[PDB]
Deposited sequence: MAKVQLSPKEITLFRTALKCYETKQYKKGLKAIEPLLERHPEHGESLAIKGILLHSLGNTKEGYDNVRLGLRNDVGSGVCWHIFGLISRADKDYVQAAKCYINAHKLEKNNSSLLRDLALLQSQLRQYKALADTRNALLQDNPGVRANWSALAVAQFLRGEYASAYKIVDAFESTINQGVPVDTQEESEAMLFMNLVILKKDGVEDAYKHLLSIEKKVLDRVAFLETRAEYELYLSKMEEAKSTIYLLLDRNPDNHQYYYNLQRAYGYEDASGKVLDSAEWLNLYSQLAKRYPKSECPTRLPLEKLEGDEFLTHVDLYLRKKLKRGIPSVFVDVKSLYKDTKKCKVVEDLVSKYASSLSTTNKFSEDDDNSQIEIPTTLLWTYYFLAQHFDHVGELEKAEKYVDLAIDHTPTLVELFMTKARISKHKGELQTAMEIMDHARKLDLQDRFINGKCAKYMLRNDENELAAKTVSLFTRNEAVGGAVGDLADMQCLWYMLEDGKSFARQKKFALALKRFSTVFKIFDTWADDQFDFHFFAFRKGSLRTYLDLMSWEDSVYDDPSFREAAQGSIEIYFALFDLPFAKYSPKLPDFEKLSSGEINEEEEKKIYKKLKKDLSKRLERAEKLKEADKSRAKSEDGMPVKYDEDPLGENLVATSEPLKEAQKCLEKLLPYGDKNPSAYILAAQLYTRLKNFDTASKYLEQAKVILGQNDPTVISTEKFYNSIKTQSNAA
């Protein structure tokens, strides 16, 4: 310890880290360390440089050896926290920053970083303490005040949050800016604090007082209407909501709220004044006719003869305009299945009216006029309709009528392809979809749908070629490599599921793992906003970000990818030949076990050689990525070769279980997992949880329990 000459080099080591390009810094570390290996801080700086460029445990070893040598030094703890945060190990990083700060209490930047980690780990208790110490360090900046108030708001301590916001706002008697946007957002947040503490009554009074300060006019007026409806101030809500319709008369909730203000509708259902209820909407037709809501919204709650009258005018309205979206609009009305028949019989009559005449029904010939092209969209509606209803014979007959009339229309071929898909014929469905794409080569949408149907038909490579047209093909694995970078969820899912039924497990596991990586990224993307949001002063928005991230893994996409991975991991455990990703014909031969040992050995010899060729192929791919830094080690084969697939299945199950009550399938998979793990008490409870919901007569429940009985009685012998 303590040398004058080594100090100049020790500092250059640190400065070189800050300036990146860690090669120069390591050059300043090496001469000193070889003859003085026992310096803790020194080993650490060597480590982070070896970590910063990489890779990787080479750094950790120098870091950990240095952190053991200097107990003791905040420098070693700070750097250990750096590489941990870099490697996304947050619980370990946070514990490093608290120790780094305990050894250097005057260094505030550590706390500024610590708050980020504590916000990410959702440690609201310790977060508040940290934000508080930062506020005491620098009460000057408004951001530190908001950060403490928000942290306290998240803990549920609204009163303490109130005092903080109110204390700060009084320290500026002159103003008004400041930002004026920070002020506007702060006030809305303060109004949220009051609402959460003193109730709606006080929050309403406060909101009216801060009206001059709020720049976001929609946020104010919407919050006002919510309050005024709660306090049953209907005449005030009436006018306020009217201001909202003036700005945006396409917002459904506004009409539902205006109806509630008139008392024509309850908070849930519309009761009653059914005559004046329509009358409002008729007056809402005076709200400039550029909005479809006044005519369309009542179609949801209308019934009987008044529905038939209005749905007729509505359908004629969109048919004469030639709107291709006409079915998708009315589509939601089919929830009751009674209106479905009414709409069906109505447009079926539209079909044979245009037969002899050009006018709908019969009595429309008394009002004369005519329409030329309405048969198209009537046929197209009927084509979509019966496909939805599931006729498929009637459906396909109608698209052909539409295609025969106008062969150049893309949408007609989209529906026909769907019908072929519903008919179970995927090959011809794929061809029709590709024909639809050929009709529009500049539209990425129709291209994407085309690749999907190619995927559903298990043509993965043909699909990759198809999407190669619309992707940035510069670097990483082609179009598909770019689709992973852009977090395209649907493709990785459809591609992986395709590989799954082709028994290509390595690639299926690869695609599914990408979905995992996408969600992990989304979960991690909020990190910088634990700082940046308070700099902009978007408090109520930051709150939404925090609450969104809490349930971020509760998604159909993650569920499907996790479920699929576990299913493949089950196969890897069950079948010894699953590791080699055998072809479907080869997979069925070994799964039947009817073949002799002569043919059996032959298949394995092939499967091993083919695996080696894929492994050899993977290396050439890695050499390609490297020469072009962070590479990709698993080009897809590394996952499927796992020593214990049960562990990996267990990892995939982790973020499925918390949401298992609304998705009982997680409990079933859990039962299936621990059944194989020979852990029956933990297997049975999960099976029981899945039995409570949806269970008893459920097919997936009895098949799991049947599987459960087969293994448990196999643990013993008789």
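A.B. asks: Need the unmodelled segments of the deposited chain, numbered from 1, in order.
C.D. replies: Model skips 1-4, 633-641 of the deposited chain.
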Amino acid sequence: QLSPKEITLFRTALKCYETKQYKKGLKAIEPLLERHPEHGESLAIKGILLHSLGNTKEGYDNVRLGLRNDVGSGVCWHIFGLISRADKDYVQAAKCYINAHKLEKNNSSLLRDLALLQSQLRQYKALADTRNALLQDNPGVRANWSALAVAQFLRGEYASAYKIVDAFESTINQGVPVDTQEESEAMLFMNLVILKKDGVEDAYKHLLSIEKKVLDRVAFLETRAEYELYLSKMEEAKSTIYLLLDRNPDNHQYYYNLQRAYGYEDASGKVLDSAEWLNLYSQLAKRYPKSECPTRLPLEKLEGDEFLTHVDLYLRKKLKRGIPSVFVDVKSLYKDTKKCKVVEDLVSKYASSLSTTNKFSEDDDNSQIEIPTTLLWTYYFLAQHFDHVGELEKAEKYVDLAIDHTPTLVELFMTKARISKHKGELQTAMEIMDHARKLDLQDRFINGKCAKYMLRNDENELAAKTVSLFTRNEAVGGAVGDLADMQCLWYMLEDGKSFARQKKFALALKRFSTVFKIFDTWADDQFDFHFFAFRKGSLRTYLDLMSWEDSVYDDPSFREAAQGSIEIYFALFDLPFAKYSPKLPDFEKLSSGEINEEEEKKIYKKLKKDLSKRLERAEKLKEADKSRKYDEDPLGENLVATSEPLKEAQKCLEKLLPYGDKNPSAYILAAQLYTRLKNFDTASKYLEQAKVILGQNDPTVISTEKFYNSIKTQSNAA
From here on, numbers count along this sequence of modelled residues.
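A.B. asks: When the C-alpha temperature factors are averaged for each of 545-553 and 356-364, which stretch ends up with the higher value in the entry?
C.D. replies: Result of the comparison: 356-364.
A.B. asks: Output the stretch having the higher mean C-alpha B factor in the entry; the candidates are 426-434 and 177-185.
C.D. replies: Mean CA B-factor is higher for 177-185.
A.B. asks: Compare the CA B factors listed in the entry for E228, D458, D166, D404 and report the winner.
C.D. replies: In the PDB entry, the greatest C-alpha B-factor among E228, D458, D166, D404 is found at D404.
A.B. asks: Among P585, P294, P139, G81, where is the Cα temperature factor highest, going by the PDB entry?
C.D. replies: Largest recorded C-alpha B-factor: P585.
A.B. asks: Considering only modelled residues of the same chain, in which third does the CA B-factor of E222 rank: lowest, middle or highest?
C.D. replies: Bottom third by C-alpha B-factor.
A.B. asks: Would you mind ranking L26 by its C-alpha B-factor against the rest of the chain and naming the third, lowest, middle or highest?
C.D. replies: Within its chain, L26 is a highest-third residue by C-alpha B-factor, going by the deposited values.
A.B. asks: If you rank every modelled residue in this chain by C-alpha B factor, which third holds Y630: lowest, middle or highest?
C.D. replies: According to the entry, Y630 has a C-alpha B-factor in the chain's highest third.
A.B. asks: Mind checking which third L656 falls in for C-alpha B-factor across the chain?
C.D. replies: Lowest third, going by the recorded CA B-factors of the chain.
A.B. asks: Could you place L412 in the lowest, middle or highest third of its chain by Cα temperature factor, using the values in the record?
C.D. replies: Answer is middle: the recorded C-alpha B-factor places it there.
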